[PDB]
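Engineer: Dumping the structure here so I can ask a few things about it.
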Amino acid sequence: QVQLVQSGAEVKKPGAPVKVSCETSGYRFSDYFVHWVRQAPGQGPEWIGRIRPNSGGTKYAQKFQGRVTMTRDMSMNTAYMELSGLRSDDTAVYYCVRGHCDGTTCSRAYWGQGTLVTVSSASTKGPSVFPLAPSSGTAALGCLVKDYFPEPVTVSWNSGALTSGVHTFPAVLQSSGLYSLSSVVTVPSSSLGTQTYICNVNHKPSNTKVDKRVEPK
Amino acid sequence: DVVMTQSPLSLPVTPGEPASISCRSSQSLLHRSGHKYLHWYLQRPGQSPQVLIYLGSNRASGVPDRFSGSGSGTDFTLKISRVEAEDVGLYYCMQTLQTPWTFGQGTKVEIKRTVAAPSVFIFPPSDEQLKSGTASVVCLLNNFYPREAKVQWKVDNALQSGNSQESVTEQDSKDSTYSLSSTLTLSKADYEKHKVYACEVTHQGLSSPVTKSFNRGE
Amino acid sequence: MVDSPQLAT
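Protein chains in written order, with PDB author numbering: chain H, 1 to 136, 142 to 222; chain L, 1 to 218; chain I, 419 to 427.
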């Protein structure tokens, strides 16, 4: 199959550059333009520019002229995009995209998997995990997973045995530059005296593994 | 640049019923070679755009037969003959006649179901957190439809502003509902200076707003 | 600096 495989997630401080690689297989690399597209959160997708691998010729959108450099390594079937001067508004998932037309015929595009680039001065930190205790039918309880960086955290309930009624919310970015998330579960009111409820929180970057019991106050 | 205009922006669909998404281009995308440089893709959370229809009307490999595309050089239609839960997500048209490649505004397809009011729950800050110097108060709006909901926080019956953040789950595959969590964040000092903590929830499924509350110290 | 639809020509 036609495949485009990009490098991993990036966290960069404002002003730093990022260089994303896009290795290809399953077609003749020299024959297709390689395009770069991003999509920031709360924005439509945006075309960055393209490279023509045979010549190495590049074309960039007005807004990225002077801050983006696209290159390729024919021997490795890989294209690269380097974006300099990163600002918060460059936080986005970045894609490489094989073109449609080889000179003779025109077909579909093929997309890489995406590379998340997060622009932030925050350092790695593990969350504190606090209970959301059920109140004095159907009852709700949960865990607040607070003040961590970077994404992601994972949450399970009772070591994966409780899945029904679980809602684990998207994280929000606080003005401190740290993330917070909540995981809740709805359960029978009848179970609150007898059933143990434990949220299992993992945050790999900080080697955090927390098992927090959630019980009535 | 070529300008793409996409409609509608929001498309709730009853299970088994069809969906149509329109896209119009500011100039013809029918090249004189006969190729129509208009494509349709589906964006789901945390993964690449999935090509649905390319060069105006060609179905990509592995895309269900219920998807099809047609159009003139300027006006295009993505048709989905029935809409499953698997089809829920953000649909875009895009032109590649010229660079920059440009995109329509996007259509948010969701499953339509009967209106469901949220179950509301308020959670006070834990003692453990208060020891650290901060108080998070959390309001859960559980399993509602449609997605539009408003949370208004009140502290000693005074309307709060600028000190809360929320987030919403993706639509539930089984029951077609959304859930929302809102977190009010105050310093320990500010938390101890007030007594009544309330979240007031407005939703189409509720005849009047529902308030859940607690008093600091039970 | 042509676009790919114009390659064949």
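The C-beta atom is built at its ideal place from N, Cα and C for all residues, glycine as well.
Helix, strand or coil for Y184/H? Go by DSSP, reduced to three states.
Structural biologist: Three-state DSSP puts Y184/H in a strand.
Engineer: Taking the continuous alpha helix (DSSP H) assigned at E192/L, which residues delimit it?
Structural biologist: 188-192 is the extent of the alpha helix (DSSP H) around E192/L.
Engineer: Closest by CA to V2/L, which one among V63/L, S68/L, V13/L, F103/L?
Structural biologist: The residue with the shortest Cα to Cα distance from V2/L is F103/L.
Engineer: Where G103/H and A40/H are concerned, what is the direct C-alpha to C-alpha distance, given to the nearest angstrom?
Structural biologist: Looking at the two C-alpha atoms, the distance is approximately 32 Å.
Engineer: Please report the distance separating the alpha-carbon of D90/H from that of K195/L.
Structural biologist: Whole-angstrom Cα-Cα distance: 43 Å.
Engineer: Could you give the uninterrupted runs of the beta strand (DSSP E) lying entirely in the stretch 139-217 of chain L, keeping only those of 3 residues or more?
Structural biologist: Listed in chain order, the complete beta strand (DSSP E) runs (minimum 3 residues) inside the stretch 139-217 of chain L are 150-155, 164-168, 178-187, 196-202, 210-215.
Engineer: Are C22/H and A79/H touching if we call contact CB-CB under 7 Å?
Structural biologist: Their beta carbons are under 7 Å apart, which means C22/H touches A79/H by this criterion.
Engineer: Please confirm if the stretch 59-75 of chain L is in contact with the stretch 26-34 of chain L, defined as three or more CB-CB distances below 8 Å between the two stretches.
Structural biologist: Counting Cβ pairs under 8 Å, three or more are found: they touch.
Engineer: Taking the CB atoms as reference points, tell me whether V18/H and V117/H lie closer together than 7 Å.
Structural biologist: Cβ atoms of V18/H and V117/H: closer than 7 Å.
Engineer: Report all residues from its chain with a CB closer than 6 Å to the CB of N207/H; omit the five preceding and five following residues, and keep chain order.
Structural biologist: Closer than 6 Å at Cβ, skipping near neighbours: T159, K214.
Engineer: Starting from the beta carbon of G99/H, find every residue of chain I whose beta carbon is closer than 7 Å, and list them in chain order.
Structural biologist: Those are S422, listed as they occur along chain I.
Engineer: Around the C-beta of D87/L, are 16 or more other C-beta atoms found within 10 angstroms, so that it is buried, or is it exposed?
Structural biologist: With 16 or more Cβ atoms within 10 Å of its Cβ, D87/L is classed as buried.
Engineer: Could you list which residues in chain H have their beta carbon closer than 7 Å to that of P49/L, in chain order?
Structural biologist: By Cβ distance, chain H contributes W111.
Engineer: Could you work out which residues of chain H lie near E128/L, taking near to mean beta carbons separated by less than 7 Å?
Structural biologist: Here the neighbours are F130.
Engineer: From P45/H to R38/H, what does the alpha carbon distance come to, in whole angstroms?
Structural biologist: Going from the Cα of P45/H to the Cα of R38/H covers about 6 Å.
Engineer: Could you tell me whether the Cβ atoms of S167/L and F174/H are closer together than 7 Å?
Structural biologist: For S167/L and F174/H, yes; Cβs fall inside 7 Å.
Engineer: Does any residue of chain H bring its CB to less than 7 Å from the CB of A60/L?
Structural biologist: For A60/L, the answer is yes, since a Cβ of chain H falls inside 7 Å of its Cβ.
Engineer: Within this structure, are the beta carbons of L4/H and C96/H separated by less than 7 Å?
Structural biologist: Yes.
Engineer: Measure the alpha-carbon distance for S128/H versus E220/H and round it to whole angstroms.
Structural biologist: Spanning the two alpha carbons is a distance of roughly 17 Å.
Engineer: The alpha helix (DSSP H) with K222/H in it runs from where to where?
Structural biologist: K222/H -> no alpha helix (DSSP H), and no H or E assigned at all.
Engineer: From what residue to what residue does the alpha helix (DSSP H) around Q3/H run?
Structural biologist: Unbroken run through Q3/H is the beta strand (DSSP E), 3-6; no alpha helix (DSSP H).
Engineer: In angstroms with no decimal places, state the Cα-to-Cα distance between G133/L and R147/L.
Structural biologist: The alpha-carbon atoms of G133/L and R147/L are separated by roughly 34 Å.
Engineer: Measuring alpha carbon to alpha carbon, tell me which of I111/L, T114/L, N215/L ends up nearest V155/L.
Structural biologist: It is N215/L whose Cα lies nearest to the Cα of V155/L.
Engineer: Name the chain I residues whose beta carbon is nearer than 7 Å to that of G57/H?
Structural biologist: The contacting residues are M419.
Engineer: Does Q50/L come out as helix, strand or coil in the three-state DSSP assignment?
Structural biologist: Strand, per DSSP.
Engineer: Pairs of beta-carbons, one from the stretch 192-207 of chain L and one from the stretch 92-111 of chain L, closer than 8 Å: are there three or more?
Structural biologist: The answer is no - the stretch 92-111 of chain L does not touch the stretch 192-207 of chain L, with fewer than three Cβ pairs under 8 Å.
Engineer: Check the Cβ of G103/H against every Cβ in chain I and list those closer than 7 Å, keeping chain order.
Structural biologist: Correct list: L425, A426.
Engineer: May I ask which residues mark the beginning and end of the alpha helix (DSSP H) holding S25/H?
Structural biologist: Premise fails: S25/H lies in the beta strand (DSSP E), 18-25, not in any alpha helix (DSSP H).
Engineer: Alpha carbon to alpha carbon, what distance is there between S88/H and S25/H?
Structural biologist: Rounded to whole angstroms, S25/H to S88/H spans 33 Å at the Cα level.
Engineer: Restricting to Cα atoms, I'd like to know which of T96/L, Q129/L, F144/L is closest to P118/L.
Structural biologist: Considering only alpha carbons, the answer is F144/L.
Engineer: Just the chain I side, please: which residues come within less than 7 Å of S33/L by C-beta, in chain order?
Structural biologist: Under the 7 Å cutoff, chain I gives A426.
Engineer: Of all the beta strand (DSSP E) runs that stay within the bounds of the stretch 26-94 of chain L, which reach a length of 3 or more residues?
Structural biologist: Fully enclosed beta strand (DSSP E) runs of 3 or longer: 38-43, 50-54, 67-71, 75-80.
Engineer: Find the nearest neighbour of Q62/H within the set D127/L, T99/L, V83/L, judged by alpha-carbon distance.
Structural biologist: It is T99/L whose Cα lies nearest to the Cα of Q62/H.
Engineer: Let me see if you follow: with CB-CB separation under 7 Å, is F64/H close to chain I or not?
Structural biologist: Judged by the 7 Å Cβ criterion, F64/H is not in contact with chain I.
Engineer: For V138/L, go through chain H and note every residue whose CB falls closer than 9 Å to its CB, in chain order.
Structural biologist: Here the neighbours are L132, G147, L149, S187, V189.
Engineer: Cβ of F29/H less than 7 Å from any chain I Cβ?
Structural biologist: No, because no Cβ of chain I sits closer than 7 Å to the Cβ of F29/H.
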